[PDB]
Amino acid sequence: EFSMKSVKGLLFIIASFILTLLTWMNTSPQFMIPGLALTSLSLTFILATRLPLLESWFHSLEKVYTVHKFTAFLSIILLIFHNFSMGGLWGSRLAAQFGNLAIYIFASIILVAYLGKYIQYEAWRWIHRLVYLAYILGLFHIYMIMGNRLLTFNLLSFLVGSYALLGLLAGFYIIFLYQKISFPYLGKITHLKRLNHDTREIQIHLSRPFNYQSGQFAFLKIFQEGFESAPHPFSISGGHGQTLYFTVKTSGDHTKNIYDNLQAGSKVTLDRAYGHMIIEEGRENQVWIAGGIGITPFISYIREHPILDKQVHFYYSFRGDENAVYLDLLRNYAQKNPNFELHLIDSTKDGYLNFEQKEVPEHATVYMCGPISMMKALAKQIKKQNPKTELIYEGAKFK
Ligand SMILES: Cc1cc2nc3c(=O)[nH]c(=O)nc-3n(C[C@H](O)[C@H](O)[C@H](O)COP(=O)(O)OP(=O)(O)OC[C@H]3O[C@@H](n4cnc5c(N)ncnc54)[C@H](O)[C@@H]3O)c2cc1C
Ligand SMILES: NC(=O)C1=CN([C@@H]2O[C@H](COP(=O)(O)OP(=O)(O)OC[C@H]3O[C@@H](n4cnc5c(N)ncnc54)[C@H](OP(=O)(O)O)[C@@H]3O)[C@@H](O)[C@H]2O)C=CC1
Ligand code: HEM
Ligand code: HEM
């Protein structure tokens, strides 16, 4: 659920829609609905550009891509009613046929984007990048149809041109420029350690210091023979200055390649730190809940804060003793810090993590990381006991 932490972004979108509606209604009322869809198409491209101001307005990157999907579905709904009320399956002029091609690509990509869970991510991304061709085709359709009406000195020309230019510049940056210029942190892998049968820890030495807060993540691009160079998001699992740690559990084809084939010395590139789950920014009393490899944001805090200044209760859940990581680190940290409580929950042995009879501290923030299904159940039970509790959760999926 959205809140005031994402109200700057929401007010920007409603300002974009209200201003577009007023500009069209006062100039060309017959084109309010196609005009509104072009603004939504512009905002969808902006919301996919991955800019620091984007997540500063929409709180988290998960909420950025949720709105990115909402403006995508609003666009196709308005374009379908544009096509239904203004034309047919195929157009008679070249200008109309450009809008026919664009709507076919827009509907085909949106259909594939939604029910494309089983496709490979890079194949999905390449298919997804066809909206730029449809977006360009739509811009030809608009400017061939409304010739000399959006190329004068008036409000409508400035409004249509600016949003069309912003979407054109946003689509070019993320598709052709983001992975080439927005990855300024060049580094190489120094040491690699296998924690358990399916998790590997990567130590990276960067040529320049990396600034991040515990609980934040980055995007990793590995440059090795036999490795894909696409960016994968990983939580920073420790390190300071020119040293970064990443803890990767085999989840698919790339993460199994990291476990088995990754070698020390391979070049890596980082873009910047993302994330709203800043542990240091929480209350004095904190509750940490981690599931499986969701412990990685909490390992950065433990490594970087040898003395704990907060009242932290840690609830770690793992699939038996064979799927637990950093067990000696957590035991050593609890011994050094009296104000740190460790609660190891073997799912097979102990059972389920339940907060019904458990008591949360008064005026405490709950940081939750792990499976989405397990987090939702846990978040519900905490709110019944103390509705004033502040709950912060980070997921591992954008789609
Ligand atoms: C904010 C965040 C933090 C994360 N932190 C960690 C971490 O500390 N440790 C860890 O092991 N994993 C972490 N992940 C998950 C990690 O990004 C994926 O598990 C990994 O990219 C899967 O690689 P694969 O291609 O082998 O998996 P696949 O089998 O190809 O993918 C399966 C799942 O991974 C997703 N996925 C695949 N490729 C990408 C990609 N390039 N970008 C985004 N999602 C992708 C798919 O949507 C699907 O849900 C994090 C994810 C997010 C969003
Ligand atoms: N910041 C981020 O976004 C980060 C994302 N991640 C993601 O975190 C995820 C964690 O998954 P993984 O490492 O495989 O861990 P698992 O899902 O395998 O284990 C997590 C634990 O949750 C328990 N659990 C599941 N459902 C419930 C429930 N309803 N109530 C209580 N306990 C429950 C399981 O016990 P049981 O066997 O009884 O179900 C299990 O021990 C990964 O998908 C990873 O990609 C990783 C790092 C950080
Ligand atoms: C008019 C509709 C849409 C447009 C114009 C659009 C545009 C884009 C673009 C250009 C990208 C970046 C591609 C790249 O990095 O190469 C992107 C990313 C993304 N889009 Fe869309 N999209 C649309 C619809 C959708 C829909 C329907 C979904 C449904 C899930 C979706 C989910 C995503 C996600 C999750 C990403 C993140 C990609 C990543 O993690 O690498 N988009 N979008
Ligand atoms: C400000 C935005 C827009 C304006 C002013 C506009 C204007 C028009 C006009 C006048 C027509 C009538 C076609 C004809 O001359 O016979 C038309 C048709 C159409 N437009 Fe647009 N349009 C806009 C946006 C879009 C966009 C962005 C798309 C597609 C992505 C689109 C898709 C279509 C389709 C499919 C038709 C039907 C073509 C046909 O059957 O002949 N429109 N538009």
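In what follows, residues are counted from 1 in the order of the sequence shown.
Closest of all the heavy-atom pairs between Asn339 and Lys310 is ND2-O, 3.0 Å. Minimum heavy-atom separation, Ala37 to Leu79: CB-CD2, 3.6 Å. The shortest non-hydrogen separation linking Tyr333 to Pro306 is CE1-O, 3.7 Å. Of all the heavy atoms in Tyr316 and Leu330, the pair that sits closest is CD2-CD1, 4.0 Å. Closest approach of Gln385 to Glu356, counting heavy atoms only: NE2-O, 2.6 Å. Looking at every heavy atom in both residues, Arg125 comes nearest to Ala230 through NH1-CB, 4.0 Å.
Connectivity analysis of hydrophobic side chains (ILVMFWY, heavy atoms under 4.5 Å, direct or indirect) links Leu155 to nothing; its cluster partners are none. Membership of the apolar cluster around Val248 extends to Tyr185, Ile189, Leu192, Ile202, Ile204, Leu206, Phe210, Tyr212, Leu220, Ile222, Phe227, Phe234, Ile236, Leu244, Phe246, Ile258, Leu262, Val268, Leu270, as traced through chained side-chain contacts below 4.5 Å between ILVMFWY residues.
Between the CZ atom in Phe45 and the OH atom in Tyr173 there is a gap of 15.5 Å [rounded to 0.5 Å]. Here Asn386 contributes atom CG and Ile382 contributes atom CD1; the two are 10.0 Å apart, rounded to the nearest 0.5 Å. Note that CE of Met4 is 9.0 Å distant from CG of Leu10, once rounded to the nearest 0.5 Å. In this structure, CD on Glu304 lies 11.0 Å from CD on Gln213, to the nearest 0.5 angstrom. Distance check, rounded to the nearest 0.5 Å: OG of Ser214 to NE2 of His305 gives 4.0 Å.
Side-chain atoms of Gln203 do not come within 3.5 Å of backbone N or O of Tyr245 as any donor-acceptor pair. A donor-acceptor pair under 3.5 Å is absent between the side-chain atoms of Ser182 and the main chain of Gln179, judged by distance alone.
There is a side-chain donor-acceptor pair under 3.5 Å between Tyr326 and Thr247. Side chain to side chain, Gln242 and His205 fail the donor-acceptor criterion of an N or O pair below 3.5 Å.
Using cut-offs of 30° and 60° for the angle between ring planes, the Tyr274 and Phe219 rings count as perpendicular.
No chain of hydrophobic side-chain contacts below 4.5 Å, direct or via other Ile, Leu, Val, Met, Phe, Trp or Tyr residues, connects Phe158 to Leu151. The hydrophobic cluster containing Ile174 also contains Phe398, counting ILVMFWY residues as joined when their side-chain heavy atoms lie under 4.5 angstrom apart, directly or transitively. Linking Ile, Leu, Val, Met, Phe, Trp and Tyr whenever their side-chain heavy atoms come within less than 4.5 Å puts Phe2 and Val64 in one cluster. Hydrophobic clustering of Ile, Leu, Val, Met, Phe, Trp and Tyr side chains at less than 4.5 Å, counting indirect connections, keeps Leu47 apart from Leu169.
By the 4.5 Å heavy-atom criterion applied to side chains, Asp350 and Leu344 are not counted as neighbours. In this structure, the side chains of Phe340 and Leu342 come closer than 4.5 Å at one or more pairs of heavy atoms.
Of the charged side-chain nitrogens involved, at least one lies within less than 4.0 Å of a carboxylate oxygen, so that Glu201 and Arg303 count as a salt-bridged pair.
When the shell of 6.0 Å around NZ of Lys69 is examined, it contains more than 12 heavy atoms from other residues, nucleotides or ligands. Within a 6.0 Å sphere centred on CZ of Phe176, other residues, nucleotides and ligands contribute more than 12 heavy atoms. For CG of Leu115, the number of neighbouring non-hydrogen atoms (other residues, nucleotides, ligands) closer than 6.0 Å is greater than 12. More than 12 heavy atoms of other residues, nucleotides or ligands sit less than 6.0 Å from atom CD of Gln30. Counting non-hydrogen atoms of other residues, nucleotides and ligands closer than 6.0 Å to NZ of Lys399 gives a total above 12. Heavy-atom contacts from other residues, nucleotides or ligands closer than 6.0 Å to CD of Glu322 number more than 12.
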Output side-chain donor-acceptor pairs under 3.5 Å for residues 126-148, partner residues at least two apart or in another chain, one line each.
from   : atom 1 : to     : atom 2 : distance (Å)
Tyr132 : OH     : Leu168 : O      : 2.5
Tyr135 : OH     : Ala164 : O      : 3.4
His141 : ND1    : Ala95  : O      : 2.7

What donor-acceptor contacts under 3.5 angstrom involve side-chain atoms of residues 51-59, with partners at least two apart or in another chain?
from  : atom 1 : to     : atom 2 : distance (Å)
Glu55 : OE2    : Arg272 : NH1    : 2.9

Checklist line | Verdict with reasoning, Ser60 to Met277, per side chain to side chain contact (heavy atoms under 4.5 Å, CB included) | finding: CA-CA 9 Å; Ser60 40; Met277 221 213 76; over 6 Å; no
Item checked: From CA spacing to verdict: side chain to side chain contact (heavy atoms under 4.5 Å, CB included), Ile13, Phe17 -> CA-CA 6 Å; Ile13 264 129; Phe17 290 166; 3.7 Å; yes
Check: Passes side chain to side chain contact (heavy atoms under 4.5 Å, CB included), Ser157 versus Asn154? Steps please.
Finding: CA-CA 6 Å; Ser157 324; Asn154 40 331; 2.3 Å; yes
Next item on the list: Apply side chain to side chain contact (heavy atoms under 4.5 Å, CB included) to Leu43 and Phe12, showing your working.
Entry: CA-CA 10 Å; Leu43 292 174; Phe12 172 69; 3.6 Å; yes
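Sorted by first and then second residue, the salt bridge (charged side-chain N to carboxylate O under 4.0 Å, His left out) pairs with a member in residues 247-269 read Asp198-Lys249, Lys256-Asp260; sequence neighbours excluded. Among pairs with a residue in residues 216-234, none fulfils salt bridge (charged side-chain N to carboxylate O under 4.0 Å, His left out), at least two apart in sequence or across chains.
Screening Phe314, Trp288, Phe318 for a side-chain contact (heavy atoms from CB on, under 4.5 Å) involving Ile295 leaves a single residue, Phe314.
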